[PDB]
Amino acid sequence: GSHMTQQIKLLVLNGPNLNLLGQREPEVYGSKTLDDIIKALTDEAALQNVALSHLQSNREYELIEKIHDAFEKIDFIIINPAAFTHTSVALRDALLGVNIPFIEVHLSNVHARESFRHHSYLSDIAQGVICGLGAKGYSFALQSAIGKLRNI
């Protein structure tokens, strides 16, 4: 209604092995890169007055240090921790320590894979979780974050 939203500052964090997307047998498994996904997500965010920053890393410390740098500069996090979902208590405690709401995203439906993959050190503290929807899960998390911060 008759009022203007301030700019959301949103940080997207991607865990290990997601830099491989689009590279192995592109003709067999798909040609789309993490870069094509972040670029399309950045454009979708900027239409809605969301300023999107992104880090992908194989290095657990680079995600943790980015979350610590987020304190008082970021309103929301979207994170696909990939394999760190199952193993990083450090990341859990980084997100609890800076107290920024987040949504957890997985490309694949982890509930269909090995049974170790069913357990997350993040899901219980996340505002919510999206699994198995491919790249569009990032766009759903973005739509969800805007809704919760603008109460719309």
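Position 1 is the first residue in the sequence shown; the rest follow in order.
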Do the C-alpha atoms of 45-53 or of 115-123 have the higher average B factor in the entry? 45-53
3-11 or 142-150, whichever carries the higher mean Cα B-factor: 3-11
For the CA B factor values reported in this entry, which option in 63, 103, 40, 70 has the top one? 40
Among 31, 58, 85, 109, highest Cα B-factor in the entry goes to 31
By the record's CA B-factor, is residue 134 among the lowest, middle or highest third of residues in the chain? middle
